[PDB]
Participant: 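Sending over a structure as structure tokens; questions will come in a sec.
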Amino acid sequence: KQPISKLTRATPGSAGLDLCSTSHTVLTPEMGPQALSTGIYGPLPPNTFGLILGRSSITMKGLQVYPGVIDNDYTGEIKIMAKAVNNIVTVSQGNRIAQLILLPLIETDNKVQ
Amino acid sequence: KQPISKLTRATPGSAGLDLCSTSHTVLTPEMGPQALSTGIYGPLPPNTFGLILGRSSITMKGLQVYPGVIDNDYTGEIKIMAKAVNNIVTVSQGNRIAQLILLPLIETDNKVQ
Amino acid sequence: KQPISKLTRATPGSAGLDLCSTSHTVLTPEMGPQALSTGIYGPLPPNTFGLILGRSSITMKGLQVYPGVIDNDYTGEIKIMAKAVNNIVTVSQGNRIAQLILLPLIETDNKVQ
Ligand SMILES: O=c1ccn([C@H]2C[C@H](O)[C@@H](COP(=O)(O)O)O2)c(=O)[nH]1
Ligand SMILES: O=c1ccn([C@H]2C[C@H](O)[C@@H](COP(=O)(O)O)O2)c(=O)[nH]1
Ligand SMILES: O=c1ccn([C@H]2C[C@H](O)[C@@H](COP(=O)(O)O)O2)c(=O)[nH]1
């Protein structure tokens, strides 16, 4: 398993950490949402949560990444939820498919469970 | 009307507050976006705004929730904008359909109106 | 070129800054994602990044805006990635199509490039 600390940022001003698909995968529109493996696992730094978002270059090529909320204490594998919009899309191993944004986790008094 | 304070968090490390649909509703792809009632109303805690996002279990079952921005001072009913992706989806009363994330509302000098 | 400082907020409690399309554009579902020009350019205020999100009134009328991450140091034109969901959609010049949300850019030790 690899932790979020092994992810890289493309440039210092980049909001997101790059997420790559560990497999070659073909997607068609009729398949609906598919969860792509990344080999990267939670959890997140204290007081943060994560959002998985698309890369614009990839969205413009017809692969939609559904925004995904990564809880602070999730310890499973971070997967990318994606769908081919209109056309057949092929994702090659190591292609950068999405990005992870880290955001502050605000405290509230809402009851738990 | 019920306020956001009555929402619950599944676990202490959960980023989102659960939102449930108050009605049983059937959605098909050709229907396009539908606004699901929740019986929960703004406004939000000072200096925050809200984002409505999907639950990954629900997105993987073919119901897409369009990310929705909840303004700090909105006092209407928070509705979930959703679409069946490819298949017929049935939402039962009380099913958890989406989640509300609270985020800091940054001040800027942009002119207002 | 116009900077983000020229954008306006609809009301003081509005989370987003309004983004308008500078052209008249017709979109159909089979076209897939389209990048709409706005004439607004990065970069963003220090320690922030941007998210492009839809307006709910517009999403409910069948135009989906794909959430887009605006990096802090991007100096190009901010474009709106959008898709007609099911029907033909016509966007007129000056119509408010999306909104820009500003969020804190959290520092991490992740390696760069
Ligand atoms: O795109 C996503 C969305 C969620 N999850 C994992 C992390 C979340 O903590 C967990 C539960 O999802 P939600 O209930 O937060 O949506 O699933 C992902 O791997 N990818
Ligand atoms: O998914 C959504 C998106 C918005 N709204 C309500 C709250 C917002 O303050 C208001 C106006 O929407 P926007 O203009 O912020 O998108 O509509 C919802 O109930 N659900
Ligand atoms: O909806 C979007 C998404 C991105 N970009 C520009 C700003 C980003 O800094 C840049 C690279 O996109 P990403 O790699 O962050 O997705 O493209 C846009 O104009 N509109």
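Order of the sequence lines sets the chain letters (A, B, ...), proteins ahead of strands, with each chain counted from 1. As a basis for the values below, the full set of heavy atoms in this structure was taken, side chains included, without hydrogen atoms, waters or symmetry mates. Order of listing sets the numbers, starting from 1, for every ligand and every atom in it.
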Participant: How about C:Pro33 and A:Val85: do any of their side-chain heavy atoms sit closer than 4.5 Å?
Facilitator: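 Yes - at least one pair of side-chain heavy atoms lies under 4.5 Å apart.
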Participant: When you measure from atom 5 (N) of ligand 1 to every protein heavy atom, which one gives the shortest distance, and what is it?
Facilitator: A:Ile70 CD1, 3.7 Å
Participant: Please write down residue, atom name and distance for the protein heavy atom closest to atom 14 (O) of ligand 1.
Facilitator: B:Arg55 NH1, 2.7 Å
Participant: I need the atoms of ligand 1 closer than 4.0 Å to a non-hydrogen atom of A:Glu77, numbered in the order shown.
Facilitator: 19 (O)
Participant: For atom 9 (O) of ligand 1, what's the nearest protein heavy atom and its distance?
Facilitator: A:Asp71 OD2, 2.8 Å
Participant: For atom 19 (O) of ligand 2, grab the closest protein heavy atom and report residue, atom and distance to one decimal in Å.
Facilitator: B:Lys79 N, 2.9 Å
Participant: Do ligand 3 and C:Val69 have nitrogen or oxygen atoms that lie under 3.5 Å from each other?
Facilitator: yes
Participant: Taking C:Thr38's backbone N and O only, do any of them form a donor-acceptor pair with C:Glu77's side chain (distance below 3.5 Å, no angle check)?
Facilitator: yes
Participant: Which option wins on minimum heavy-atom distance to atom 6 (C) of ligand 2: B:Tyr41, B:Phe49, B:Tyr74?
Facilitator: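 Selected option, by shortest heavy-atom distance: B:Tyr74.
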Participant: For ligand 2, find out whether one of its N or O atoms is nearer than 3.5 Å to an N or O atom of C:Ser56.
Facilitator: yes
Participant: May I ask you to decide if A:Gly13's main-chain N or O and C:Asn72's side chain share a donor-acceptor pair within less than 3.5 Å?
Facilitator: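 Pair absent, no side-chain N/O of C:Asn72 close to backbone of A:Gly13.
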Participant: Any donor and acceptor pair, going by atom type alone, linking the side chain of C:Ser21 with main-chain N or O of C:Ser23 inside 3.5 Å?
Facilitator: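 Such a contact is found between C:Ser21 side chain and C:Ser23 backbone.
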Participant: Do A:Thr11 and A:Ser14 meet the criterion of a side-chain donor-acceptor pair at a distance under 3.5 Å?
Facilitator: yes
Participant: Is it true that a side-chain atom of B:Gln99 and a backbone atom of B:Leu19 form a donor plus acceptor pair closer than 3.5 Å?
Facilitator: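 No, the answer is negative, given that no donor and acceptor are paired below the 3.5 Å cut-off.
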Participant: Once you restrict to heavy atoms under 4.0 Å, what part of B:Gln99 touches ligand 1? Side chain, backbone, both or neither.
Facilitator: side chain
Participant: Could you tell me, atom by atom, which parts of ligand 1 come under 4.0 Å of a heavy atom of A:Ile78?
Facilitator: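 The list of qualifying atoms is 19 (O).
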Participant: Report yes or no: does A:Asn110 contribute a side-chain atom to a donor-acceptor pair with the main-chain N or O of B:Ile4 at less than 3.5 Å?
Facilitator: yes
Participant: State the CD1-CG distance between B:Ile52 and B:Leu36, to the nearest 0.5 angstrom.
Facilitator: 11.5 Å
Participant: Look only at interatomic distance and state if C:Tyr66 has a nitrogen or oxygen under 3.5 Å from any nitrogen or oxygen of ligand 3.
Facilitator: no
